[PDB]
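So this first bit is one chain, no partners, the form deposited in one PDB entry, shown in structure tokens.
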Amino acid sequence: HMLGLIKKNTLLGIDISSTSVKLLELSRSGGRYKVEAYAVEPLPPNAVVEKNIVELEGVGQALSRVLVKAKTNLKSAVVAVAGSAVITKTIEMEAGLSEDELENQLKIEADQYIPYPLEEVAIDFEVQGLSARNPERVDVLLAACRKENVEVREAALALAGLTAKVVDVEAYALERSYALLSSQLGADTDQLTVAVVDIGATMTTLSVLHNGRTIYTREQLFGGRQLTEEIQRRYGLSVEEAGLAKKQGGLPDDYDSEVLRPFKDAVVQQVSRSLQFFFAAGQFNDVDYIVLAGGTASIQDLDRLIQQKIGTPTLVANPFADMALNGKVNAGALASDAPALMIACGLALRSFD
């Protein structure tokens, strides 16, 4: 029950988004972490719309291919749902109950506290401690989402021969990987108020963290796909080619002047406005750092541009800066893909919780 007579582990960090699937495997010896494997597999179009999986078979195939590229034997994974699909409430329950009695009361009365219909609820709970109002009672934390969100991921992973050991929340994954960034920035958490800007292909999310803890969160429909869509149109290229054009280069001379710079400015506008909301909605007046995450954060000197326009220290996220690397992992490819792997990193970090 309590025996640690055996010394034991790790779980695959699998980030499923609208456009791709990212896999990351970590290990640790003593204090410091090491990257055992990573890979990225693009998704078929419309396989995932917004945050919703639709082509269940499509995601499965991608997960199968991402395992082959990653070359890992691990079959357990941490996946995440969006925080927007999670309802969190604190309620009072009677103290002195077993876990079963506790689960019965919650399963029965879930609908009383959460908007979702009883049959569709997937609820996680945690006893916080004795209630301050009445010592005869305890405060219990509730977090619930529609069961369908969990079940589609189970089914998707199962097709690739993987299992979802933990269903996480994206915001939590971000925190765990942010905590590793400390070195790069400060280092110390030091009440560092940091704006993490995740610029995905279709979605951009601002998350402000105080001393390692998420506070503000908001999301705009801004993304790197708009850059891709512009590259497609000007040069007559498919979505596949446009994405490749951004990293590979090769596009003619007018690209920087006509396409990339206007997109960069749009990125700056989006970041600026997003940051305005946060200062307005709290006691915080400024942030110590801005951290750029997502694939679009790899755009050359995007950090410098944001830095000059806003006046706030801005850097591209690299959680793997102080990490050891497996010989199978290419340092160049990982470094170029580092900001897009913040979620995948945080998911893998759940293994060490």
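Just so we're on the same page, rigid core means the largest C-alpha set that superposes within 1.5 Å between forms. We number the residues from 1 along the sequence you see.
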Task: Average Cα temperature factor in the PDB entry - higher stretch of 128 to 136, 106 to 114 - done: 106 to 114
Task: Average Cα temperature factor in the PDB entry - higher stretch of 250 to 258, 171 to 179 - done: 250 to 258
Open item on the list: So if I compare the CA B-factors in the entry for 296, 307, 300, 46, which one is the largest?
Closed with: 46
TODO: Tell me, please, which of 77, 123, 87, 239 has the highest C-alpha B factor according to the deposited entry?
DONE: 239
Task: residue 31, C-alpha B-factor rank within chain (lowest, middle or highest third) - done: highest
Task: Relative C-alpha B-factor of residue 65, binned into the chain's lowest, middle or highest third - done: lowest
- [ ] Using the B-factor values recorded in the entry, state whether the Cα atom of residue 336 falls in the lowest, middle or highest third among the modelled residues of its chain.
- [x] middle
Open item on the list: Can you tell me whether residue 264 has a C-alpha B-factor in the lowest, middle or highest third compared with the other modelled residues of the same chain?
Closed with: lowest
Task: Within-chain third of residue 95 by Cα B-factor, per the entry - done: lowest
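The discussion below concerns the form deposited in another entry, not included here.
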TODO: Determine, with the core as the superposition reference, the one member of 81, 138, 74, 275 that shifts its CA by 2 Å or more between the shown form and the other one.
DONE: 138
Task: Threshold 2 Å Cα movement between the shown form and the other one for residue 91, core superposed - done: yes
- [ ] Note whether the distance between the C-alpha atoms of residue 281 and residue 89 decreases (closer) or increases (farther) in that other deposited form, against the displayed form; the change is 3 Å or more.
- [x] closer
TODO: Would you mind telling me if residue 83 and residue 209 are closer or farther apart in that other deposited form than in the shown form, C-alpha to C-alpha, with a 3 Å or larger change?
DONE: farther
